[PDB]
Structures are given as C-alpha cells and as structure tokens.
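Down below is the structure, laid out as structure tokens.
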Number of protein chains: 2
Amino acid sequence: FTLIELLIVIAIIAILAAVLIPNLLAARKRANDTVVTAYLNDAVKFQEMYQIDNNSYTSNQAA
Amino acid sequence: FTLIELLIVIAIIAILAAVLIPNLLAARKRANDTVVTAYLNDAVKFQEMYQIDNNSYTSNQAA
Ligand SMILES: *[C@H]1O[C@H](CO)[C@H](O)[C@H](O[C@H]2O[C@H](CO)[C@H](O)[C@H](O)[C@H]2NC(C)=O)[C@H]1NC(C)=O
Ligand SMILES: *[C@H]1O[C@H](CO)[C@H](O)[C@H](O[C@H]2O[C@H](CO)[C@H](O)[C@H](O)[C@H]2NC(C)=O)[C@H]1NC(C)=O
Ligand SMILES: *[C@H]1O[C@H](CO)[C@H](O)[C@H](O)[C@H]1NC(C)=O
Ligand SMILES: *[C@H]1O[C@H](CO)[C@H](O)[C@H](O)[C@H]1NC(C)=O
C-alpha cells in the first residue's frame, strides 16, 4: 500500500461523498405537504363531528 | 629499499589503479533511470490531484 493508491482512495471518497447523498430539502418538502394534507383531512372529519353536535361548522380551532 | 622493490611497487600500483575503479557510466545510468521513474511516479500523483479538482487530466506541466 503506497501514496498513489491512497490518493486514488481519497479521490474516489470525494466522488462518492458528493453523489451518494440525496437532496434532503426536496424529500422533506414532500413529507411536509403530507403532514398538511393529513391535518386538513382530520380537520374535515372534526368539522363533520361538530356539525353532528351543533348543526353548524366551527370557525374556531379550539372547538 | 631498492630500485627493484620500487619498480614492483609501481607495477602493482598500475594494476590496482586499473582494476579497483568501477564503471561510473553504468552506475549513473541506473541511478538516472531511478530519477525518471520517481519523477513520473510523482507526475502520476499530481495527475490524480488535478483530477480531484478539475474532473479531467492536465495536458500541461505547469498545472
Ligand atoms: C366562530 O367563532 C369565531 C370566534 O372563534 C367567531 O365568533 C365567528 O362568528 C360568530 O360570532 C358569534 C359566535 O362567537 C355568533 O353568534 C355567530 O356564531 C358568528 N357570527 C357571525 C358574524 O357569523 C364564528 N363563526 C363564524 C365564522 O361566523
Ligand atoms: C491541455 O493544455 C494544452 C496546452 O497547455 C492544450 O490547450 C490542450 O488542449 C485543450 O485546449 C483547450 C484548453 O487550453 C480546450 O478547451 C481543451 O481543454 C483542450 N482542447 C482539446 C482540443 O482537447 C489541453 N488538453 C488536451 C490535451 O486536450
Ligand atoms: C372545547 O371544549 C373544551 C372543554 O371540553 C373547552 O371548553 C374549550 O374551550 C372548547 N373549545 C372551544 C373554544 O370551542
Ligand atoms: C499553476 O497555478 C499557478 C498559480 O498558483 C499559475 O496560475 C500557473 O500558471 C498554473 N499553471 C498552469 C498553467 O496551469
């Protein structure tokens, strides 16, 4: 094992470190939109439950 | 000490002076090829370092 093999190893590490890491921001954006969609789908279920009890929809989240 | 001993001494000096000196040219040839080999091994390390920075090899020594 010699300095030229070790420079090749360092060079290839620099390549793999650059390319094998995903765009984390783009991944989290799509997960975050799923949270919003899921929370609105829940708010919709609870608007219908409030409608069962009160014959009207809520304007306030605490209800 | 006499002229015949001194002629023997001169004769043996002439022999030792002829045989105890190495072929200097042949020795330097093998050392010189080692310099070339070592310099190309260095140029190879630096081609890999240029490849790390530029994603290409150099055509010019100044790089
Ligand atoms: C939902 O609650 C809101 C405050 O959290 C706000 O009060 C909205 O307006 C209501 O005001 C009172 C109830 O607080 C009224 O009797 C009606 O429910 C309603 N008034 C008007 C102007 O409609 C309430 N819902 C909405 C958006 O009407
Ligand atoms: C390495 O440098 C050479 C001069 O020192 C020479 O320029 C070679 O050719 C390049 O020419 C320019 C860069 O100077 C180009 O944009 C390319 O890098 C290259 N051109 C061609 C024809 O390939 C350059 N490397 C080599 C041998 O291509
Ligand atoms: C929801 O009910 C709780 C008690 O169960 C509190 O009264 C709260 O204030 C209610 N939210 C609103 C403001 O409608
Ligand atoms: C190497 O870099 C030096 C500066 O650090 C000079 O710019 C020199 O010209 C370079 N060699 C070439 C020609 O690539």
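All chains are named by letter (A, B, ...) in the order of the sequence lines, taking the proteins before the strands, and each is independently numbered beginning at 1. Hydrogens, waters and symmetry mates are skipped; everything else that's a heavy atom, side chains included, is used.
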| request: Compare every heavy atom of A:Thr37 with every heavy atom of A:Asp33, then report the nearest pair and how far apart it is. | output: O-OG1, 2.8 Å
| Between B:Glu48 (side chain) and A:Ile4 (backbone), is there a donor-acceptor pair under 3.5 Å? | no
| Does a sphere of radius 6.0 Å around OH in B:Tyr57 hold more than 12 heavy atoms from other residues, nucleotides or ligands, not counting ones at 6.0 Å or beyond? | yes
| query | Honestly curious: do A:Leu3 and B:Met49 fall in one hydrophobic cluster under the side-chain, below-4.5 Å linking rule? | reply | yes
| note | Rounding to 0.5 Å, atoms CZ (A:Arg28) and OG1 (A:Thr34) come to a distance of 12.0 Å
| query | When hydrophobic residues are tied together by side-chain contacts of less than 4.5 Å, even through go-betweens, does A:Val19 share a cluster with A:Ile12? | reply | yes
| Neighbour count >12 (heavy atoms, 6.0 Å) for atom CG, B:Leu7 | yes
| Just wondering, are more than 12 heavy atoms of other shown residues or ligands nearer than 6.0 Å to CD in A:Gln61? | no
| said: I'd like to know if B:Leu20 and B:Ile8 are part of one continuous hydrophobic network [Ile/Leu/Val/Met/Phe/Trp/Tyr, side-chain heavy atoms within less than 4.5 Å]. | reply: yes
| request: Hey, could you give me the CG/NZ distance between B:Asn23 and B:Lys29, rounded to the nearest 0.5 Å? | output: 8.0 Å
| request: Look at the side chain of B:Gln51 and the backbone N and O of B:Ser56, then say whether any donor-acceptor pair between them is shorter than 3.5 Å. | output: yes
| request: Decide if atom CD1 of A:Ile21 counts as having more than 12 heavy atoms of other residues, nucleotides or ligands within a radius under 6.0 Å. | output: no
| Got a second to check how far A:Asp53's CG is from A:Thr58's OG1, nearest 0.5 Å? | 12.0 Å
